[PDB]
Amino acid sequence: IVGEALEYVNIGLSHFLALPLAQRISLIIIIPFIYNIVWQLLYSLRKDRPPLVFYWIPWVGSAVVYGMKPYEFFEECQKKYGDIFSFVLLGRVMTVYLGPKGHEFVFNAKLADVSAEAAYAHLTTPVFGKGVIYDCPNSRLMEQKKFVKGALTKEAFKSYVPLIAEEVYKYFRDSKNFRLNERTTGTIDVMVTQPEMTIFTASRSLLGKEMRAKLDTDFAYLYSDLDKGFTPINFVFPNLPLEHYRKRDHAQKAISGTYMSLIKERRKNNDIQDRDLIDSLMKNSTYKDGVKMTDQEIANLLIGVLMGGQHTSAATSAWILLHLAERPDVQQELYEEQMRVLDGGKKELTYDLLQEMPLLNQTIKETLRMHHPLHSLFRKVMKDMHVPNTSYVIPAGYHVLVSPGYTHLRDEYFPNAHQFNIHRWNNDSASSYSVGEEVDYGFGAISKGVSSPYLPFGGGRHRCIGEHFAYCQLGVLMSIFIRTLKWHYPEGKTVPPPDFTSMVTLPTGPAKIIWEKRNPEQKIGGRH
């Protein structure tokens, strides 16, 4: 007789529903703790799954160590399990594939196998607005990228160089952090100066003079509010009836409103030129099926493009200054190249002359090797994926994570990888090189292979289209920094470690350097 036992299941259920509140909340905690632990041990025997990093807390997973020190986490997991392994992160399973094979597996994955917008839309759609980037099918994104890349031409860069130069000189003249007509030395926090210089230079060139003029007013604080809404917290908590979220949504509406105002003023006056990215998208933003982007979608695409470029570029010029601050030898070598290429300063800097500055471009290239601004790129797996030359299957509903910034730091691919050495790029100063066959996904021919161990701009359909703009901006900025200033660390300070929590690998601030004028008597003209 088992019937007697099934009575005691029923009895035990009734004795359970009647335990003291102390016993039950303790049971409410301990039942999923134990179940999680036993599920992982059962998981460890599936041979069609990559090894899964062990974690104590359910749902949270390895979120803490991953969020704080992702590269240290990857190295420890790589020593234990090899190059492919999974970990739990705030409710999701992330499968990491380290190394060049990982780059191929993720960046060159079939469109049907993985979805970037399914991973990212919750981060970005609340910040940028609807209908663009990741709030739209991949085919729409592919053509959005074509539209933006159409104002990112060599001819556009030739006109952007003197405009970016003007902004840098105006920032040296007017900003409280410098005031070079009044002060010959000073101390700056590069995490204060570089965000400002980046937004001023990117606004003037990509958005135009009107939009740049608005950053001289209270309007600039909307950018700070919108910027604060770009945060990993959006991945778990993208809308909370709280104040941070309200200034974000307000800023998005107010900034996109300002761009639509300009777009509609330009069209009401037929004042549509080739000045900036606004002119360009107004003339060129009709999809191949004949649908035109709305003025709202144009404005939102501007926000996302300007904000993406904001955080990668500002982080990078911060790291460049910070590495050069302890390398007066490198500053000296870069200064000599400035003097030779620009005839002692008697040539005005042009886009063409920037391309004849290999050591300056190698300094950018080397900073992007040691400080890849995005430590992790993500996709959501949409169809079960087999990992070649293994028995592993990554099931739909998992996410795949690739980290070229981690391979940038491996000695096997970059000897003495933790040493800043711009000369490892001698006779190889190009921002990136397609090492063979090319493919076009809708925004131009790009490298078909994505196996390069140096992959600062990703690859495949989601590859960056901002690299030449970033080199132009960083190049103008650094050419002027080098010709105008020397700089060094306060006593006993050195390169700060990265803060990875922002998802952008920023220097831990305050990161202070001391500048001094190379020509204490040099004056910057213009009105102020």
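Don't overthink the numbering: it's just position in the shown sequence, from 1. We call the rigid core whatever largest set of C-alpha positions still superposes within 1.5 Å between the two forms.
Between stretches 238 to 246 and 145 to 153, the one whose Cα atoms sit farther from the displayed model in 5 other deposited structures of this protein on average is 238 to 246 (core-aligned, root mean square).
Superposing on the core and measuring CA offsets in 5 other deposited structures of this protein, the stretch of 440 to 448 and 226 to 234 with the greater mean deviation is 226 to 234. Higher mean CA temperature factor, per the PDB entry, when comparing 280 to 288 with 356 to 364: 280 to 288.
When 466 to 474 is weighed against 57 to 65, 57 to 65 comes out higher, by mean CA B-factor as recorded in the entry. For the set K264, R140, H103, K149, the PDB entry assigns the largest Cα B-factor to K264.
Per the PDB entry, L90 shows the highest C-alpha temperature factor of the residues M370, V341, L90, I422. For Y35, the recorded CA temperature factor ranks within the highest third of the chain's modelled residues. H244 sits in the highest third of its chain by CA B factor, as recorded in the PDB entry.
The deposited CA B-factor of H323 belongs to the lowest third of values across its chain. Among all modelled residues in this chain, the alpha-carbon of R212 has a temperature factor (C-alpha) in the middle third. Annotation for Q252: CA B-factor lies in the middle third of the chain's modelled residues.
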